[PDB]
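Structure first, then comments.
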Amino acid sequence: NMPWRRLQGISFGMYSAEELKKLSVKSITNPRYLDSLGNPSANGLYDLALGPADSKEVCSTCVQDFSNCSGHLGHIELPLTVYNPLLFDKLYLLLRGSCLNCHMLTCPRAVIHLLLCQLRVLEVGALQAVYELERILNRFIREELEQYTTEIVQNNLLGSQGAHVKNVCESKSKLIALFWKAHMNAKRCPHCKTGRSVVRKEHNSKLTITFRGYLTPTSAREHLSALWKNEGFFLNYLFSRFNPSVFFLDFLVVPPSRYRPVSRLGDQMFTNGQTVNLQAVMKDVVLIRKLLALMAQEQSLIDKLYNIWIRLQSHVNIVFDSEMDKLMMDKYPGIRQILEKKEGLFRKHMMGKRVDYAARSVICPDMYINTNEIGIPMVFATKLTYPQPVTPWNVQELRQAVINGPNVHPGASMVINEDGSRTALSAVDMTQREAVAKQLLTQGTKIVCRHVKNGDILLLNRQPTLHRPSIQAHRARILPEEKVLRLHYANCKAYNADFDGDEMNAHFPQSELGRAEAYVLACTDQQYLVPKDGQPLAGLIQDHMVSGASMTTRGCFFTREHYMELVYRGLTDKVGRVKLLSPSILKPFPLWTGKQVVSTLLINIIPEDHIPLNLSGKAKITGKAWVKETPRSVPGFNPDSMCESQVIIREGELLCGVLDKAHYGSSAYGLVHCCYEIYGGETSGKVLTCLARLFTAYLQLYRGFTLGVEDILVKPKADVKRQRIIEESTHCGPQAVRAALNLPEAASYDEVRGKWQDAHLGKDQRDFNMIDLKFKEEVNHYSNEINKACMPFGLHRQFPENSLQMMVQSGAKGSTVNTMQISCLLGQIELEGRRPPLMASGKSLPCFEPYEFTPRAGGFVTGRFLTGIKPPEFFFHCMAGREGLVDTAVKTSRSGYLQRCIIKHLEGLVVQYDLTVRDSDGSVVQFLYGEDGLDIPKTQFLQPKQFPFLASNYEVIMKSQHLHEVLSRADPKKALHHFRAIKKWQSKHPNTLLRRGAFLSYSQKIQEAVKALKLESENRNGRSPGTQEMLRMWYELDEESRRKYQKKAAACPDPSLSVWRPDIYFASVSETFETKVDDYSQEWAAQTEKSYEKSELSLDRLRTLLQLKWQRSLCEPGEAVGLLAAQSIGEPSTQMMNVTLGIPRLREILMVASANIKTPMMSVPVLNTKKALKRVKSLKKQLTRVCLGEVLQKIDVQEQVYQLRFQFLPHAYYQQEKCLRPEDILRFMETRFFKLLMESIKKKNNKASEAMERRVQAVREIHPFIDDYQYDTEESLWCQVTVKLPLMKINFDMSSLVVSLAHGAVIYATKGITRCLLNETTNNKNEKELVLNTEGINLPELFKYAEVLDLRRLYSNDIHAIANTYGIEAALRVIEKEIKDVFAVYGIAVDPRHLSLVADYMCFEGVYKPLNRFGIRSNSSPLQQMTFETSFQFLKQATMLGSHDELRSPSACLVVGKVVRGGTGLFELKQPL
Amino acid sequence: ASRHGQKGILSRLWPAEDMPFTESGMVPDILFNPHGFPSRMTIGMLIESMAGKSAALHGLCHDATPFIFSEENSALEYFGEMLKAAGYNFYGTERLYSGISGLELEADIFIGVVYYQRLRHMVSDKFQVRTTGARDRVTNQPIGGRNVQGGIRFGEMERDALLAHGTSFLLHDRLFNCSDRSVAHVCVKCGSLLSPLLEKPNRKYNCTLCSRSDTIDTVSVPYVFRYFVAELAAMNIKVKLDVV
Amino acid sequence: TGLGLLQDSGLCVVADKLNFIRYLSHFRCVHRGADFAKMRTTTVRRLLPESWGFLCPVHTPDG
Amino acid sequence: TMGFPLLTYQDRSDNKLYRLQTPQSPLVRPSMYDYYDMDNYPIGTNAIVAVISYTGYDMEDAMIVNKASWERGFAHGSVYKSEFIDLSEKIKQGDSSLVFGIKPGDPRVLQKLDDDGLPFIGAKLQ
Amino acid sequence: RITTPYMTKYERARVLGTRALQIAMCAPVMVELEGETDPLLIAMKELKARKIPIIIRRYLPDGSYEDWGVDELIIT
DNA sequence: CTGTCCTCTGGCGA
DNA sequence: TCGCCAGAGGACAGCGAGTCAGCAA
RNA sequence: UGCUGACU
Ligand SMILES: [Mg+2]
Ligand SMILES: [Zn+2]
Ligand SMILES: [Zn+2]
Ligand SMILES: [Zn+2]
């Protein structure tokens, strides 16, 4: 009978220090805690009043033993006051900014009172009052602010419960942080100008006031006690009614002894790290208590008192935080280390507890148990026990279990009594078990702990759990004589199990209410589709794909007896007749087709009442794989009308198609995906099981699959071409490298080696990667030439009869990159995206000359695994295989950390009954889940391209799922009228960006006015002479209430999902779905007309069908979609050119939210006008940066009289694409470089111990060092300068300075843009597009070219710059597009409904907030936010603020032992009386 | 495992009369699925099979030294000539019968002799089942080892993947009713877990801070939460909890 | 003085005769260092072409 | 690999020691295998492998073993667990509480020990 | 009165679990069981017959609730 | 290692 | 003449799961 | 409790 009482809220505050007393059984005084023999020494840390530490003893405080005694608290009473280590830093500030003389803070009372009032208003939730108070102040003190603040707090009370929400915690956080950060600095005192008694704290345990005295915690305590008195009204709000006394400790609390368990350490049998810290405090207390007595029996004595004080504080520091004090040793870890880390106490024993009734063993392939079952090896089954209650309808089978005993299988290990408990049957006398088989049904009934009984439900987990499908429920099929847990191969891809030693865990629910959820929710057939993109997860693999593709091929004929025994061996049917087919060939010999075997297996599995399905699709095996012989042309034959590439199932009977991986597989829209749509998830599991069994029987009985050497071999007469191509490839190095260094086209054979060496020993190393790339391209051309010679038709056996092809080609295993690289080429090795690295001497391998041009020396392997690879290629291949292994390990850590961050933030985002995705705070991240309700799993066939399938299967889809009844109970008038209104509006307004307005609509008289009326005036008030006539005619010279130009100019009706509640309102769908339905109805009523097949469906029954199928795919309330978004962004990354890629970019976007990204960019289309195309050339040449260093030949420095001649470059080769002129360049030196030069000369010397004339004169007017430069009337011939510092300066090779400065000196550049470039083509549809990409980011510096470039369509990857020029609703879409383009480079595709939620959460509160440790500060849950990271900072915060927790997060709900507030726990049950 | 990195567990012990027998009377003793080759490209196993079959046939002993067989002199050519010199076929395929239906399979199978090693990892050393047993005495949770009985750790990844199913009661079972579950009782008015104290024997828990015994009520709470409240009190922090 | 070493653990290890190929590989092992097992960047794991004939490309633990 | 680890049993007193009963020498092996005689210590057995998809239980890295081959001694093995019982434990520097020995007639060790408190050599333990 | 009329899958799961935990504690079965020993099969048999006197109390994010009958709820 | 966060930190016209 | 735009370094805190063993302090 | 190995 449980306590029955639940928790609503947990608040963290500070204990009085006077109420801790009476929370204390006794004061401990004896240092030595371990007795001579290992027992507790009286009055020591381990005592018998602080509780029995072990079961041996009984506590003195309450007589009770271990395992039944809640421990008790005790206190080491300290000799003198010490500061508390957590409230210490704040104390320091409370003493830094304050007058020790006046005892008042040095802050202007304006700030004090403003912040006081803002806190008073925040305490009730009022959030506009904050800025209203601040503006009332600035426009104007206590009476001015307190009136408004009291009016708010009074008129807006009843909101103390509705104040623990994000956006109310962020504001208070920011206010108090800004206060502590900006207004607590040491300042001259207001009232007495000399009140800076500068407290300045050294390392912790040390505060020093000046006239350099040592602040004694008693003097600091009195200072705080007298400062509170003057400034309490203000600080009681900055700290909650905090007493200043809490900032100081007069005793330390020793926790109960049951929580401090003695283990062992080197040379010590009984020691806990926590007692070793508390023992150090007790030992210092004893030394200090002696010195005080020495003073009583009475500078060294008091210097010793001040030194032992500093020592004692650090032990209490160390007792609180092992690493607060770094100069002490024998320091075991404090409480900050007991709580805050991955080892910790939250990420272990709090979120990751260890569980009973669970097994773990190696998993083995089964395949002869149904896909929803696990095989249990009779050793778990005899130990795993379910505790079932005894009732009239089970007392018979329970009686057999208690009789069978603890060791026979349908048995039981124990039986729990009504009031007593735990009478174990494990005896093997077989008579007392019978003595107790009676007395069952002889209050709460006896419960028999029965064993696993062949129908039980078990949760199975594989340990890298990266998605929801990694935990699924299975149905306990008991197997005898094994120690392995057997699992079907359809459930492999879901877990990623591989049967190579693959331990897996099995959990056994014990509640009968978690069994209901394992059956209904966690079942393994509700898990058919991955939640990432809704595509199927379960499917057949390997030889069930090569078996089904070779049986469903056109030339497979079976006699009656192989037809049968192949149907019954796939079925193994249990009920009802087997419905057979008719022979396809009836005459020369009755024969079947193999497609008929699959057909007849398909019409028996589909449920009896339901009718077989129709299906049309494509096969994975291309119809070109079968073309042996050159194809000829027949005039009326569309070869694809009758091809093995088109799968056509017509009423459950396969009529055409091979049925490879595209069906039976993990590919969407196949046969099993449609089975799962029309008939449910159990029928798709049945289909998978039966098809696996059939395709196994086929290969095991009549056919066989193998992979010899005559299917990897290559024809002769085809290896001769391969050999000649490999011979040709050994001559392509010189040309490649040369034409990449832009060297003279020929005549240089040794200048090229020297240029390569220079590029290799260079500093930048980007003229070396150029050679690497332009060499890889040549080698890749050659490699592609070789594959074509051998792989398609140079093989000895072709695809229908090749075993390697037909394994990579039907999706069984491998890719076309594996088939090659086994035959005819291994390829070009690439380690870091580059060729193998060279040695320090210029050779890549000891076998190769230095700087060798042959591609072989750069990792181009022309050998194959058929005929092995020579010793050097084996080494290069080994460097690449090792790069892969080293790399996979690093990636797992990077991805796993990112999932934890997203998971910790998005965990409480659950769909609610109103259909809104809301956080646990009640905060609304989304008003519909992905902009339209709709769960990513159920939206797969709601895609135009599938109405064709739903139409074909109308009768089953309506009968089996929707029902004709739901159409009967569903009414669409409210929603249908809304769409009619929308359609009419959009009919009257084709261009929806045309500035509709009443008055604007009353500009059709424009000609009426411009004709003669307004011809006489000027711009009276800036508007116009002719605009005033329109204003006069409209204003009051129009009808009173019949001037209705308004209706012709009114807004579009708002979308239906917005007004008409998509769940309870029929026909209320999304504006993009109804368009698709209209298009398809129009393209389907014009197909029925020319169909030669009778269709008994009408466009207006298909419409209702689609509307019901939409209304039903609507994201059940309680879905917890934020966790699904987290896991869908995590799993693909965890598993898996001038921009960033991979997890670096994802971490830049999500976890960091940086304003500085490594590769910022832009892309504005070019306006498509003849003038714009001409102006853009100049624009590109205008924004590239030209730097003094990019235009210079060499300097000539002479040296205290230091001359300098710049000698600039000729215009032939830099004016072409930089838009510069020599007068501007030289003028730059006179005004910027020649004064930054003196700036740097002072930077060094501060810590060292007719017309030529006006230019020279003004220049030396401004500086006192220069003498005279030069002039160059002919293209900058000789332009030097002269300086001199005559007395004493450090004459060294100052060329260093004037060269380190002539690099970062840029003539002129647009701020933030480093280079532009016009990537000519970006489209094929409208190929005419041009894009001006950039590698910097300055949005406003492009606004000036709104006629050269399209400033709508401007894009940047920055997301902080977009959020500052266009707003936050425009940064949402940039975030979403960035995540999508990051995932796209790998072929991954996360559903948009997940990125929508992630972007809506990130940009919730007006700013692009990072999804990381600093984003949780604006979070309304202290118990969360401390289960993530920096748990001790978030605990100190929550403690000095009195922060309250509502126990609504998943973390706060799992910490205090509640039921999470999403999914199954979102409602009550309320049994009526 | 083989000598080429093809490790795998033993999944069945196939009866000797259900194995596909060859036309020579033989019957394999290892069955190796042919789908580990296409993605792993261990073409050395397909050559070791032929080399070992040729060795067992001719009483020889061939060497598998790397880099001894070129493109011109291939290994498959060499060992297929060896096989064809023994009456077998070049490509190393002998045709089997089905030991279950008795019919000659349509495909001729690739059979040979390869050298298997047995690895030191056995299910007998890696299998665990726990029902009830020992407990960490600081947190009162399963102990966490296999030599000791020990429980398996559920984990935060598993806790976050189990509440994406919407199963809050499977989570309640795993994390609460199986690992740690206590009945620590609190003073309802003071709202403190440390305050209720037993008496000296009508055994009434009496609140120490306020002397009332009508205000104490039992709450079902984890044990690590009581440990957490105790170690917070150690720091003078107070956890005030609202009972309903 | 750490002996001019830079490492203070894993200096001696158990030599286990599970096989004679586990044993013979303890007297030919060369450990780059025990501290490098804790590093973000992986550049002491690159198999440079200067260990040709001195270190085996293939024989390295694979975790 | 479970192989032949050494020739001197009865002497080692290790912790675990895996032994394969009837190792063979590879019929196909590199010549260096013969320079360092590695047949003094063999590591595996030759098996007749067929590369065939026949069972439905050998997919995804799993392998099938004939049952008669396994019953005729294919790849049988053993483990030697040597436990050093130093009985200076259970006591400190007092009187010798340590001598292996049986008080005469103990019903507990009626016939499982042999008068020096040590199991018989050859006895089976459970 | 404004929430969806159907019974979400989480509600079906929790109602089956609670009805099963009741049946197992010796509660009268109003469904005429026919030899099955599983309380969850019996709970499904009862849910299919529309005999479950439980009141789903759907909570809205502001504390307001709506009390639906398990009988007056469209089970898919 | 890498990022933010944090804490200063002296330097020209108002 | 020092407040705020700029400007610097210093400090901290995070670094995927879950398993099995031995040896030793 | 830590260091060494090891498994996916
Ligand atoms: Mg594996
Ligand atoms: Zn007690
Ligand atoms: Zn003052
Ligand atoms: Zn009380």
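Residues in the structure tokens are numbered from 1 in each chain, the chains being A, B, ... in the order shown, and ligands are numbered from 1 in the order shown.
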To test your reading of the structure, identify every residue in chain D that backbone DSSP assigns to strand (DSSP E), and report it as a ChimeraX atom specification.
/D:18-20,44-51,63-66,77-79
Using DSSP secondary structure from the backbone, list all alpha helix (DSSP H) positions within chain E, as a ChimeraX atom specification.
/E:9-24,39-49
Report as number ranges by chain all protein, DNA and RNA residues lying within 8 Å of residue 15 (chain A), evaluated on only C-alpha atoms (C1' of nucleotides), omitting residues in the same chain fewer than 2 positions from it.
A: 13, 17-20, 246; B: 233, 236-238
At a cut-off of 7 Å, using only C-alpha atoms (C1' of nucleotides), what residues contact residue 67 (chain E)? Leave out same-chain residues fewer than 2 positions from it and give the result as a ChimeraX atom specification.
/E:55-58,65,69
Could you list, as a PDB file with N, CA, C and O atoms, in the first residue's frame, all protein and nucleic acid residues with an atom at most 12 Å from ligand 4, counting only C-alpha atoms (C1' of nucleotides) and all ligand atoms?
ATOM      1  N   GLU A  19      18.291  26.409  12.136  1.00  0.00           N
ATOM      2  CA  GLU A  19      17.396  25.277  11.968  1.00  0.00           C
ATOM      3  C   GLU A  19      18.134  24.000  11.600  1.00  0.00           C
ATOM      4  O   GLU A  19      17.573  22.914  11.765  1.00  0.00           O
ATOM      5  N   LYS A  22      18.899  21.065  15.727  1.00  0.00           N
ATOM      6  CA  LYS A  22      17.675  20.279  15.810  1.00  0.00           C
ATOM      7  C   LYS A  22      17.526  19.405  14.573  1.00  0.00           C
ATOM      8  O   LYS A  22      16.703  18.487  14.550  1.00  0.00           O
ATOM      9  N   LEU A  23      18.312  19.685  13.540  1.00  0.00           N
ATOM     10  CA  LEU A  23      18.633  18.706  12.503  1.00  0.00           C
ATOM     11  C   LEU A  23      20.008  18.106  12.754  1.00  0.00           C
ATOM     12  O   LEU A  23      20.862  18.067  11.871  1.00  0.00           O
TER      13      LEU A  23
ATOM     14  N   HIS B 185       9.487   9.639   3.981  1.00  0.00           N
ATOM     15  CA  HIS B 185       8.357  10.485   4.332  1.00  0.00           C
ATOM     16  C   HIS B 185       8.827  11.859   4.789  1.00  0.00           C
ATOM     17  O   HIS B 185       9.931  12.022   5.309  1.00  0.00           O
ATOM     18  N   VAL B 186       7.957  12.847   4.596  1.00  0.00           N
ATOM     19  CA  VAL B 186       8.303  14.251   4.742  1.00  0.00           C
ATOM     20  C   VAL B 186       7.328  14.925   5.696  1.00  0.00           C
ATOM     21  O   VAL B 186       6.184  14.489   5.860  1.00  0.00           O
ATOM     22  N   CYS B 187       7.794  16.000   6.322  1.00  0.00           N
ATOM     23  CA  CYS B 187       6.903  16.926   7.002  1.00  0.00           C
ATOM     24  C   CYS B 187       6.189  17.782   5.967  1.00  0.00           C
ATOM     25  O   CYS B 187       6.828  18.451   5.150  1.00  0.00           O
ATOM     26  N   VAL B 188       4.859  17.760   6.004  1.00  0.00           N
ATOM     27  CA  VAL B 188       4.085  18.386   4.938  1.00  0.00           C
ATOM     28  C   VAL B 188       4.133  19.903   5.050  1.00  0.00           C
ATOM     29  O   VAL B 188       4.228  20.609   4.042  1.00  0.00           O
ATOM     30  N   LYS B 189       4.083  20.433   6.273  1.00  0.00           N
ATOM     31  CA  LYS B 189       4.114  21.883   6.432  1.00  0.00           C
ATOM     32  C   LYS B 189       5.518  22.426   6.183  1.00  0.00           C
ATOM     33  O   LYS B 189       5.720  23.266   5.301  1.00  0.00           O
ATOM     34  N   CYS B 190       6.504  21.947   6.946  1.00  0.00           N
ATOM     35  CA  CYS B 190       7.883  22.355   6.704  1.00  0.00           C
ATOM     36  C   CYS B 190       8.364  21.923   5.324  1.00  0.00           C
ATOM     37  O   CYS B 190       9.293  22.527   4.777  1.00  0.00           O
ATOM     38  N   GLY B 191       7.758  20.886   4.755  1.00  0.00           N
ATOM     39  CA  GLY B 191       8.146  20.418   3.433  1.00  0.00           C
ATOM     40  C   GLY B 191       9.587  19.970   3.342  1.00  0.00           C
ATOM     41  O   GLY B 191      10.259  20.250   2.341  1.00  0.00           O
ATOM     42  N   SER B 192      10.080  19.279   4.365  1.00  0.00           N
ATOM     43  CA  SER B 192      11.483  18.906   4.453  1.00  0.00           C
ATOM     44  C   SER B 192      11.626  17.404   4.646  1.00  0.00           C
ATOM     45  O   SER B 192      10.771  16.760   5.258  1.00  0.00           O
ATOM     46  N   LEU B 193      12.626  16.768   4.071  1.00  0.00           N
ATOM     47  CA  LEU B 193      12.702  15.291   4.142  1.00  0.00           C
ATOM     48  C   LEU B 193      13.598  14.929   5.317  1.00  0.00           C
ATOM     49  O   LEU B 193      13.403  13.847   5.868  1.00  0.00           O
ATOM     50  N   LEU B 194      14.554  15.794   5.657  1.00  0.00           N
ATOM     51  CA  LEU B 194      15.504  15.572   6.777  1.00  0.00           C
ATOM     52  C   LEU B 194      14.814  15.703   8.137  1.00  0.00           C
ATOM     53  O   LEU B 194      15.265  15.069   9.072  1.00  0.00           O
ATOM     54  N   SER B 195      13.796  16.536   8.254  1.00  0.00           N
ATOM     55  CA  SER B 195      13.113  16.825   9.542  1.00  0.00           C
ATOM     56  C   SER B 195      12.348  15.709  10.247  1.00  0.00           C
ATOM     57  O   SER B 195      12.394  15.729  11.472  1.00  0.00           O
ATOM     58  N   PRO B 196      11.563  14.809   9.618  1.00  0.00           N
ATOM     59  CA  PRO B 196      10.846  13.809  10.399  1.00  0.00           C
ATOM     60  C   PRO B 196      11.850  12.917  11.145  1.00  0.00           C
ATOM     61  O   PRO B 196      12.771  12.459  10.523  1.00  0.00           O
ATOM     62  N   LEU B 197      11.643  12.657  12.437  1.00  0.00           N
ATOM     63  CA  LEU B 197      12.547  11.767  13.217  1.00  0.00           C
ATOM     64  C   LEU B 197      11.742  10.765  14.022  1.00  0.00           C
ATOM     65  O   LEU B 197      10.815  11.220  14.651  1.00  0.00           O
ATOM     66  N   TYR B 205       6.594   9.195  13.943  1.00  0.00           N
ATOM     67  CA  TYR B 205       7.644  10.120  13.458  1.00  0.00           C
ATOM     68  C   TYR B 205       7.178  11.504  13.889  1.00  0.00           C
ATOM     69  O   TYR B 205       6.015  11.824  13.633  1.00  0.00           O
ATOM     70  N   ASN B 206       8.049  12.287  14.521  1.00  0.00           N
ATOM     71  CA  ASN B 206       7.716  13.644  14.997  1.00  0.00           C
ATOM     72  C   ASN B 206       8.648  14.587  14.251  1.00  0.00           C
ATOM     73  O   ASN B 206       9.805  14.231  14.111  1.00  0.00           O
ATOM     74  N   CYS B 207       8.151  15.696  13.718  1.00  0.00           N
ATOM     75  CA  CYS B 207       9.050  16.678  13.068  1.00  0.00           C
ATOM     76  C   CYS B 207       9.900  17.389  14.113  1.00  0.00           C
ATOM     77  O   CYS B 207       9.342  17.898  15.072  1.00  0.00           O
ATOM     78  N   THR B 208      11.213  17.406  13.915  1.00  0.00           N
ATOM     79  CA  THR B 208      12.121  18.071  14.861  1.00  0.00           C
ATOM     80  C   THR B 208      11.980  19.587  14.810  1.00  0.00           C
ATOM     81  O   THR B 208      11.920  20.186  15.889  1.00  0.00           O
ATOM     82  N   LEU B 209      11.916  20.183  13.620  1.00  0.00           N
ATOM     83  CA  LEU B 209      11.880  21.657  13.470  1.00  0.00           C
ATOM     84  C   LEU B 209      10.617  22.233  14.103  1.00  0.00           C
ATOM     85  O   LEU B 209      10.748  23.244  14.793  1.00  0.00           O
ATOM     86  N   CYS B 210       9.455  21.628  13.887  1.00  0.00           N
ATOM     87  CA  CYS B 210       8.192  22.066  14.538  1.00  0.00           C
ATOM     88  C   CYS B 210       7.636  20.827  15.231  1.00  0.00           C
ATOM     89  O   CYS B 210       7.407  19.845  14.542  1.00  0.00           O
ATOM     90  N   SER B 211       7.351  20.866  16.527  1.00  0.00           N
ATOM     91  CA  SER B 211       7.001  19.581  17.185  1.00  0.00           C
ATOM     92  C   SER B 211       5.554  19.196  16.939  1.00  0.00           C
ATOM     93  O   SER B 211       4.743  19.371  17.864  1.00  0.00           O
ATOM     94  N   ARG B 212       5.246  18.696  15.747  1.00  0.00           N
ATOM     95  CA  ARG B 212       3.881  18.187  15.485  1.00  0.00           C
ATOM     96  C   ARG B 212       4.071  16.792  14.912  1.00  0.00           C
ATOM     97  O   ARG B 212       5.124  16.583  14.311  1.00  0.00           O
ATOM     98  N   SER B 213       3.132  15.875  15.117  1.00  0.00           N
ATOM     99  CA  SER B 213       3.246  14.547  14.471  1.00  0.00           C
ATOM    100  C   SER B 213       2.059  14.282  13.560  1.00  0.00           C
ATOM    101  O   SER B 213       1.968  13.189  12.996  1.00  0.00           O
ATOM    102  N   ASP B 214       1.174  15.255  13.431  1.00  0.00           N
ATOM    103  CA  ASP B 214       0.018  15.106  12.521  1.00  0.00           C
ATOM    104  C   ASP B 214       0.414  15.626  11.139  1.00  0.00           C
ATOM    105  O   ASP B 214      -0.410  15.523  10.220  1.00  0.00           O
ATOM    106  N   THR B 215       1.619  16.175  11.005  1.00  0.00           N
ATOM    107  CA  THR B 215       2.011  16.790   9.720  1.00  0.00           C
ATOM    108  C   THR B 215       2.903  15.863   8.892  1.00  0.00           C
ATOM    109  O   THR B 215       3.278  16.276   7.799  1.00  0.00           O
ATOM    110  N   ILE B 216       3.231  14.669   9.382  1.00  0.00           N
ATOM    111  CA  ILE B 216       4.199  13.802   8.655  1.00  0.00           C
ATOM    112  C   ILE B 216       3.435  12.887   7.707  1.00  0.00           C
ATOM    113  O   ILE B 216       2.459  12.294   8.169  1.00  0.00           O
ATOM    114  N   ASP B 217       3.882  12.772   6.449  1.00  0.00           N
ATOM    115  CA  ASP B 217       3.224  11.959   5.438  1.00  0.00           C
ATOM    116  C   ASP B 217       4.277  11.293   4.572  1.00  0.00           C
ATOM    117  O   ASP B 217       5.268  11.923   4.203  1.00  0.00           O
ATOM    118  N   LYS B 240      13.251  22.247  -0.341  1.00  0.00           N
ATOM    119  CA  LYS B 240      11.896  22.297   0.183  1.00  0.00           C
ATOM    120  C   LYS B 240      10.942  21.788  -0.884  1.00  0.00           C
ATOM    121  O   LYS B 240      10.892  22.336  -1.989  1.00  0.00           O
TER     122      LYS B 240
END
Find the residues of chain A in contact range of chain C, meaning any atom within 12 Å when counting only C-alpha atoms, and list them as JSON, numbers by chain.
{"A": [831, 832, 836, 837, 838, 839, 840, 841, 842, 843, 844, 845, 846, 847, 848, 857, 858, 859, 871, 872, 873, 874, 875, 876, 877, 878, 879, 880, 881, 882, 883, 884, 885, 886, 887, 888, 889, 890, 891, 893, 894]}
Using only C-alpha atoms (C1' of nucleotides), which of the listed residues (C:15, C:44, C:1, C:31) sits closest to chain H?
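Among C:15, C:44, C:1, C:31, it is C:15 that comes nearest to chain H.
The closest residue to ligand 1, picked from D:104, D:62, D:44, D:84 and counting only C-alpha atoms and all ligand atoms, is D:62.
Any residue of chain C with an atom no more than 9 Å from chain D counts as a contact; using only C-alpha atoms, that gives residues 17, 18, 19, 20, 21 and 22 of chain C.
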Those residues you just picked out, can you put them in a file as a tab-separated table (two decimals), in the first residue's frame with N, CA and C atoms?
chain	number	residue	atom	x	y	z
C	17	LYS	N	50.45	-15.48	-22.42
C	17	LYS	CA	50.66	-16.54	-23.41
C	17	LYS	C	49.31	-17.14	-23.75
C	18	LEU	N	48.37	-16.39	-24.34
C	18	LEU	CA	47.11	-16.99	-24.81
C	18	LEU	C	47.46	-17.85	-26.01
C	19	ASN	N	48.44	-17.43	-26.77
C	19	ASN	CA	48.82	-18.08	-28.02
C	19	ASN	C	50.29	-17.75	-28.07
C	20	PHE	N	51.04	-18.28	-29.01
C	20	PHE	CA	52.44	-17.86	-29.18
C	20	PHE	C	52.50	-16.71	-30.17
C	21	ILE	N	51.38	-16.23	-30.68
C	21	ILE	CA	51.39	-15.06	-31.58
C	21	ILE	C	50.96	-13.84	-30.79
C	22	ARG	N	50.47	-13.99	-29.57
C	22	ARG	CA	50.14	-12.88	-28.67
C	22	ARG	C	51.43	-12.61	-27.95
